[PDB]
Amino acid sequence: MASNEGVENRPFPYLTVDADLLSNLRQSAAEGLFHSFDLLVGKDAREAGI
Amino acid sequence: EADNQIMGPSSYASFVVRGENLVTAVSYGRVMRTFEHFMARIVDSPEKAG
Amino acid sequence: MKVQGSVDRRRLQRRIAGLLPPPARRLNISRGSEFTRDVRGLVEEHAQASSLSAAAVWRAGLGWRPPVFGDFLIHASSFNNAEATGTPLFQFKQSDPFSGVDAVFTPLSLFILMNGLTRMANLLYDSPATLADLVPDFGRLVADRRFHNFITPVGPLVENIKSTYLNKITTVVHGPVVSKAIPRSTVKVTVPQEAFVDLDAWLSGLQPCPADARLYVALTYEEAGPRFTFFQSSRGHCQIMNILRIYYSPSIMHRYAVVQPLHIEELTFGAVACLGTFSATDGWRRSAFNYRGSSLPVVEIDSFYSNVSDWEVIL
Amino acid sequence: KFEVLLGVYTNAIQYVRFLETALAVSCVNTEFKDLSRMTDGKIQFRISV
Amino acid sequence: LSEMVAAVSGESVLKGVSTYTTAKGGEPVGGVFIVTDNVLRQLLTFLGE
């Protein structure tokens, strides 16, 4: 559906998980597999302010 | 009237965001006033009627 | 028991000490050891500025705005030694010989060529026949109306080294006006107060105020000869021309007799250029010249960013 | 020969602080460390009748 | 007279010297009222002490 509906951008402490997710990422993001996904380009991929 | 003098505090009352509030600020984007107080009221004692 | 106050100076000192840029690297050539030490510092700085490997080697964290200087050489008759620094000047093109003189022109010189302010201009220039010799086809170029194509704006002058016949002149072309001799002391730009029309007040919800206000320049062939006018406006390049034509309409009505039905080369009423941009919400300042016969009131404007434009036809 | 000149300086400050004024009895003064970050704040009174 | 002495005063640029004090001790002198002799006696009548 729409990109940003419930996506929170806030900087949480994320867990580093071992399994690999990168496979088929951009294609499944473009066709629309999962709803409420957010893409951020290199200028906007940082820890947000508080 | 021969007083020409009062007495007041010399430094401001400090308030700082501790960790217990910092987690809520980071995740939920809200900070409570002196979380220690609400925790001593809610979780520690069952009644503690005011 | 002092209060200690409400704000702390340690924070201010620290953050400002962080804000100061590192010093320029002097290189000491006269003494050997100082030279060697500065060269060592230079190689360390290049190692510190170009290696993606480390992070402290990343220095880009936290503008170059002098003007572009252009030097012109002119005869000592076609320029008063006393004329103030920063007056916008306009240039002319010679056909074969250009190295002899450039023949750069001043607004009072244009007022003289075109025929109070008259008396001031004569007290600057009593015998301005050299002025007629600089443009041989003045009487031809008023009619051919090609006069604006050759008068190219040069803008404010900074310095003029004074010689017997030739004059050395430094002119701001693009960028903010600034000097050179010192840590770049600033200048301002002067235009006579008469023969200048404020087109933001000529027609005077609430009209909006932009950040930047521009100065235009226009050249009009009336039956009383040609004349030049500079306009302090702010609205837009698409509206200043319309408002200017509305302004000139009473002077345009007179040109029915002079125009030629057969030859269409004379019809243009004038052209408009944009010289530069200055701060709005301020206004300008009033001063008189300090010369021997000085009676002209003059507007002078701060914060001039010289961005010259071309002549655009209006009619 | 180069001439070095001296020209004297004066300051017209006066020591002034907020708590030493009496107005400071009107308010109650707390120092918040990071106030620019706080977006909004509110107080919620509950009054029984 | 108090209005008169308030109209002046202020700050001085030099700000260096020590000022005359009363010999008994205490406050340093603020200013000088130069008058004639008759106004002097009448001011001593209106102002004793």
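See the structure shown above.
Reference entry: report on the structure contained in this document. (Residues numbered from 1 in each chain as written, not as in the entry; some residues may be left out. Chains lettered and ligands numbered in written order. Part of a larger assembly, values for the part shown. Heavy atoms only, no water.)

### Focus on the overall build of chain C
Assigned secondary structure in chain C consists of eight helices and 14 strands. For chain C, whose C-alpha radius of gyration is 26 Å, the value lies well above the compact-globule estimate of 20 Å for 315 residues. When each of the 315 residues of chain C is scored for burial, the buried share is 38%. When the accessible surface of chain C is summed, it comes to about 20,000 Å², and 56% of that surface belongs to carbon and sulfur atoms. Counting 31 positive and 27 negative side-chain charges, chain C places the centres of these two groups 13 Å from one another. (Helix = DSSP H or I, 4+ residues; strand = E, 2+ residues; numbered from the N terminus. Rg over C-alpha atoms; globule rule 2.2 N^0.38 Å. Buried < 20%, exposed > 50% of the residue type's maximum accessible area, 1.4 Å probe, protein only. Areas by Shrake-Rupley, 256 points an atom, 1.4 Å probe, with all protein chains shown as cover. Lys, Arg positive; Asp, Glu negative; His and termini not counted. Charge placed at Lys NZ, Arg CZ, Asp CG, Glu CD.)

### Some remarks on the side chain of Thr87 of chain C
Residues and elements named next belong to chain C. Considering the arrangement of structural elements, one finds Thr87 in the loop between β1 (69-75) and β2 (88-91). By relative accessible area, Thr87 is classed as buried at 7%. Within the structure, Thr87 has its side chain in polar contact with the side chain of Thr190 (distance 2.8 Å). (Polar contact = N/O pair within 3.5 Å; in protein donor to acceptor, adjacent residues only side chain to side chain.)

### What to know about the sheet that holds strand β11 (residues 285-288) of chain C
Residue and element names in this part refer to chain C. Pairing within the open sheet is antiparallel, and its three strands lie in the order β6-β12-β11. The open sheet has two edge strands, β6 (189-192) and β11, and neither has a second partner. Going across the sheet, the axis of each strand differs from the next one's by a mean of 35°, ignoring polarity. By the bridge criterion, four bridges tie β6 to strand β12 (residues 297-301) in an arrangement that is antiparallel. Counted as the bridge partner of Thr190 is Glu300 from β12. (Pairing = 2+ DSSP bridges. Axes fitted to C-alpha atoms, helices over the stretch in contact; angles between N-to-C directions.)

### What about the sheet that holds strand β4 (residues 166-172) of chain C?
Strand-to-strand pairing in sheets goes through backbone hydrogen bonds, with the strands running parallel or antiparallel. All names here are of chain C. The strand order β1-β4-β3-β2 describes an open sheet built from four strands, whose pairing is antiparallel. The open sheet terminates on both sides in strands that have one partner only, identified here as β1 and β2. Between one strand axis and the next, the sheet turns through 50° on average, direction left out of account. Here strand β3 (residues 152-162) runs beside β4; their pairing, made up of four bridges, is antiparallel. The partner of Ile161 across the bridge, within β4, is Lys168.

### Here's the deal with a nonpolar patch on the surface
Residues and elements named next belong to chain E. Residues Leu1, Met4, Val5, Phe33, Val35, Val39, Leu40, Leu43, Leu44, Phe46 and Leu47 make up a contiguous nonpolar surface patch of about 1,100 Å² in total accessible area. Its place among the elements puts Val39 in helix α2 (residues 37-46). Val39 gets classed as partly exposed once you look at its relative accessible area, which sits at 42%. (Patch = residues over 30% accessible without salt bridge, like charges linked within 9 Å, V, L, I, M, F, W, Y side chains within 5 Å. Salt bridge = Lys/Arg side-chain N within 4 Å of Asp/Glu carboxyl O.)

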